[PDB]
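# Structural characterization, general
Spelled out from the first residue to the last, the chains are:
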Amino acid sequence: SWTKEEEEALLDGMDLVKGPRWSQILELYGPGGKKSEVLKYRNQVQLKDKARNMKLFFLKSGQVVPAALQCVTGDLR
């Protein structure tokens with residue numbers, strides 16, 4: 001079963017690769033996106049800043065946070 005070294009590696013790797021893959025959202029919805037191009041004018045920083053504001057809106061209003069927004073962590077200001 002799992003060793004302490006393995007558990008520290010998992011937590012460490014998860015930390016290093018955490019946060020949504022913003023470029024993959026733009027593969028679906030950005031310029032030439034596979035589903036549409038509706039997000040094509042948004043760069044990855046704009047996607048991340050909007051996601052933080054959306055999570056903060058759900059929290060502020062006492063609404064359930066959509067599962068994917070729970071991946072957005074840290075300072076939302």
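Here, the structure is the one placed above.
Residues numbered from 1 in each chain as written, not as in the entry; some residues may be left out. Heavy atoms only, no water.

Within the chain, the regular secondary structure consists of three helices and zero strands. Its C-alpha radius of gyration of 16 Å places the chain more than 25% over the 11 Å reference for a compact globule of 77 residues. Each principal axis of the C-alpha distribution contributes one length, and for the chain these read about 45 × 35 × 20 Å. In the chain, the share of contacts with a sequence separation of at least 24, taken over all contacts with a separation of at least 6, comes to 16%. Treating the 13 positive side-chain charges of the chain as one cloud and the 10 negative ones as another, the clouds have centres 14 Å apart. (Helix = DSSP H or I, 4+ residues; strand = E, 2+ residues; numbered from the N terminus. Rg over C-alpha atoms; globule rule 2.2 N^0.38 Å. Contact = heavy atoms within 4.5 Å. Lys, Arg positive; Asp, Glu negative; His and termini not counted. Charge placed at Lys NZ, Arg CZ, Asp CG, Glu CD.)

It is worth spelling out the environment of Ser23 at this point. Mapped onto the secondary structure, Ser23 falls in helix α2 (residues 22–29). Assessed through its relative accessible area of 34%, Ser23 is described here as partly exposed. When the C-alpha positions of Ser23 and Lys50 are compared, they lie 15 Å apart, and in sequence the two are 27 residues distant. (Buried < 20%, exposed > 50% of the residue type's maximum accessible area, 1.4 Å probe, protein only.)

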